[PDB]
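Please read the structure below before turning to the comments.
Each chain gets a letter, A, B and so on, in the order its sequence line appears, and its residues count up from 1.
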2 protein chains.
Amino acid sequence: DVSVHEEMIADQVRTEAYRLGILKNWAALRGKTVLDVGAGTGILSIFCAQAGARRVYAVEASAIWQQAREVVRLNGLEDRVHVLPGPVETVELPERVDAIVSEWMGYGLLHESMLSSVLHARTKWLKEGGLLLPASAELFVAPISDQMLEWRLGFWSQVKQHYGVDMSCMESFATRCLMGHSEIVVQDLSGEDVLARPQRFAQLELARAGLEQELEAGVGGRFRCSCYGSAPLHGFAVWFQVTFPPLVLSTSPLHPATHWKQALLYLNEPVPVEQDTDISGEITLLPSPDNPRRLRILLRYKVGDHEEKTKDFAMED
Amino acid sequence: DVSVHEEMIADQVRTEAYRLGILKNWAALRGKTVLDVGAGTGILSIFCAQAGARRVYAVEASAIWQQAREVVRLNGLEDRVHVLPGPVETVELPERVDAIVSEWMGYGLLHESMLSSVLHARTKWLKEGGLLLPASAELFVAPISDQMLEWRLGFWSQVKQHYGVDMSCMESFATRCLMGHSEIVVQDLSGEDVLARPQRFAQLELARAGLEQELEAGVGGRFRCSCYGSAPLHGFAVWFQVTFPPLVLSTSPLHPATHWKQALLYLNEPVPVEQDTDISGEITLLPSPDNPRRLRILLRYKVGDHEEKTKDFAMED
Ligand SMILES: COCn1cc(CN(CC[C@@H](N)C(=O)O)C[C@H]2O[C@@H](n3cnc4c(N)ncnc43)[C@H](O)[C@@H]2O)c(N)nc1=O
Ligand SMILES: COCn1cc(CN(CC[C@@H](N)C(=O)O)C[C@H]2O[C@@H](n3cnc4c(N)ncnc43)[C@H](O)[C@@H]2O)c(N)nc1=O
């Protein structure tokens, strides 16, 4: 229960990006009012007060709201930051607000579906022309050769050289277990895993008319790239960045690691690729039919001269 | 599902200890018959055949028995190693056996309670004077100051120095979450965490009359030690070793790491200790009332001049 909060506060990229994204908007926040949607243990509301906000409403649905109230008190801000328990959809604020801040991004950007609550608060509580922090988000994909996966699968074929027993038949079993499922896998990668230049496949402007309906219909787009070299293709990694009106908070595997890691879409088995193998496809992020908070990703892809294939993923538990 | 098997075969201590423990008994195994209780993917049965066993019955209750049959075939041993699906309690072997091998140890030695199946097979299938591999087990305890836990709890009090927001009130919350529960926690430690000389608190001779009834009544004993230095005491670590009639397979945090890690018994909160603080107590490993395969540990302990305390733990899921 503390574990998610520990991961957040140990994430220097996340924490410093928000701290400085908020501080860069001092001019817009000075003497103004802020709503923190899903304030958690409260650090973003405190940052907003430290950037000069007159008053901050920290709205938190979970039990941890009590810790935000204590953090506010410890920092001497109890008369300017008000912690309000419950869903933002039904909280009663005493006034409309000049800015909304929220740490709404989930794995694969949209898992848990919190953006809809930020948009609900924007409509209900944000003053005309008010500020959203962050203001926008971009989605990226790249083909991957997951070096750790390669090693895990291949180790069965190395048992003979280490213990004198051939265990290579386990490779196919392990491949079925680790790649043959249809779950999105959250795992951190690096440049050593990235097989082609990353491609931006969608852009979300949080204030833009129609975004709520786009989320319901599916967010995404097509991509195309060409492989850097020869390797087993394991699938694709999806990640995001968000922008504070600019400072960019990135979750790319080519940038410093974050608690969001990346969302991995594994093909049913490895596919050999070579330098300049063309890969194209389409990725759509959707709410799951049974749970709208569980991310679903529909992947279409075409590797080289192979036929276009499809794989329909749901977020791992 | 493959994950437990990957962890096993990547555990060089486990795999080499069994390989050499088996090979050291070549004289007793040459031309003889072996039962492998819970053969899994089969490597121990193959090792026994490579030590000269005439015939090996590899008994495996789970679905993975099919992989053991394929591993046996890949190594050309299908006419000497027979993979038999189902519980050893009801398998029909064609003959009594000269030796039993088994990888029966769980976390905290007895979690999952597989030893009882080895003892059932000994009674039912082992010839008089036959060999058990391993033959014996010892249980150890030491007081611990878990350096990673210390850092995790203390990081809340460092937030002010890194981001300018006091979050020290989260320390008590985090302590309640991470130490205030009554679950056994499986985690690997090292010498940096060990606060006093480890103490052996029980010895199990697998062939000895009465062991089945001891397991039901509880295995364990008293211990006493004196702390090396000043540190927050977080509780105790429990681990085991097993002996092949001698080669010792150790899961101590002072020895190379294994997939069994150690079983950690955290006190409800840290207790300061100093050089030469005397600690005494008693540890009993028991089957859980509701699930006999789930390990329960009853801990009595006395730190310095503090009163004796009790904590009743059950294995984490
Ligand atoms: C998104 O997926 C990752 N994710 C993120 C968080 C981060 N936290 C805290 C945010 C942060 N600013 C701090 O603690 O500093 C977001 C918090 O937002 C809360 N929340 C969600 N929808 C709400 C609503 N309609 N009204 C009010 N509160 C709502 C939710 O209960 C979390 O406590 C978490 N805890 N778990 C997660 O898996
Ligand atoms: C103990 O706690 C850790 N532990 C261990 C294993 C190791 N394996 C495989 C052993 C090994 N020699 C190989 O695969 O090389 C032990 C195997 O033993 C099987 N088993 C248990 N009781 C049985 C019975 N009465 N009759 C027949 N088979 C039985 C069980 O289904 C496992 O597959 C595992 N898989 N999970 C775990 O959590």
Side-chain angles (χ1 to χ4, degrees), chain A residues 1-11 13-15 17-18 35-45 58-65 67-68 85-91 100-124 132-141 182-188 202 204 206 211-220 237-242 249-251 257-265 283-299 312-317:
Chain A
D1 177 15
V2 77
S3 182
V4 67
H5 305 289
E6 292 180 303
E7 276 189 81
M8 287 156 66
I9 192 60
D11 183 345
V13 175
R14 165 264 187 187
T15 305
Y18 269 92
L35 167 60
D36 180 0
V37 179
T41 60
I43 202 169
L44 305 190
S45 295
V59 183
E60 170 58 32
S62 84
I64 205 79
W65 76 266
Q67 279 292 321
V88 77
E89 285 82 0
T90 58
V91 75
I100 285 171
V101 65
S102 182
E103 195 174 348
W104 57 265
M105 301 85 72
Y107 300 125
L109 185 68
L110 302 175
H111 180 63
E112 307 294 14
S113 200
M114 202 154 169
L115 176 57
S116 68
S117 296
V118 174
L119 300 183
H120 187 284
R122 178 215 44 194
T123 299
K124 185 169 182 176
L132 291 169
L133 296 178
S136 69
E138 293 182 351
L139 282 159
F140 298 88
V141 64
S182 69
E183 301 198 298
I184 306 165
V185 176
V186 182
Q187 171 64 240
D188 54 293
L204 305 185
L206 304 205
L211 179 58
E212 290 98 324
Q213 289 79 30
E214 296 178 56
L215 296 176
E216 294 169 357
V219 165
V238 172
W239 66 86
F240 62 87
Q241 70 184 31
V242 298
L249 167 46
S250 174
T251 65
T258 81
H259 77 281
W260 286 286
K261 307 185 175 294
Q262 294 89 40
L264 304 195
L265 306 177
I283 290 162
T284 309
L285 276 62
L286 302 137
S288 288
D290 289 341
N291 189 347
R293 285 179 174 166
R294 193 176 87 245
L295 179 65
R296 156 177 189 218
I297 290 175
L298 182 57
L299 172 67
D312 192 340
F313 300 86
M315 184 56 65
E316 65 181 357
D317 299 38

Is there a donor-acceptor pair closer than 3.5 Å between any side-chain N or O of A:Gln187 and the backbone N or O of A:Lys261? no
Mind telling me whether A:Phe140 and A:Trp239 have parallel, tilted or perpendicular rings, with 30° and 60° as the class edges? parallel
For the atom pair CG (A:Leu295) and CZ (A:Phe313), what is the distance rounded to the nearest 0.5 Å? 11.5 Å
Can you tell me if A:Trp104 uses its side chain to pair, donor with acceptor, with the backbone of A:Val118 under 3.5 Å? no
Look only at the side chain of A:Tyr18 and the backbone of A:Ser102, and say whether a donor-acceptor pair between them is shorter than 3.5 Å. yes
Is it the case that the side chain of A:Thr251 and the backbone of A:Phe240 share a donor-acceptor pair, with hydrogens and angles ignored and the cut-off at 3.5 Å? yes
Could you tell me the separation between the NE2 atom of A:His259 and the CE atom of A:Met105, rounded to the nearest 0.5 Å? 7.5 Å
Do A:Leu204 and A:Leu109 make a side-chain contact, defined as non-hydrogen atoms from C-beta onward lying under 4.5 Å apart? yes
A:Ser117 side chain near A:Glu89 side chain, heavy-atom distance below 4.5 Å: yes
Salt-bridged, A:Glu212 to A:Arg122, with N to O below 4.0 Å? yes
Will you find, in the side chains of A:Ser62 and A:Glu60, an N or O donor that is under 3.5 Å from an N or O acceptor? yes
Please confirm whether the backbone N or O of A:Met8 pairs with a side-chain atom of A:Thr15, one donor and one acceptor, at under 3.5 Å? yes
Interatomic spacing from CG in A:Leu119 to CG in A:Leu211 - rounded to 0.5 Å: 5.0 Å
With the side chain counted from C-beta on, respond yes when A:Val186 and A:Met315 share a heavy-atom pair under 4.5 Å apart, and no when they do not. yes
Could you walk me through whether A:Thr41 and A:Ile9 satisfy the side chain to side chain contact (heavy atoms under 4.5 Å, CB included) test, starting with their C-alpha distance in whole Å, then the side-chain angles of each, then the deciding distance to 0.1 Å, before giving a yes or no? CA-CA 10 Å; A:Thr41 60; A:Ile9 192 60; over 6 Å; no
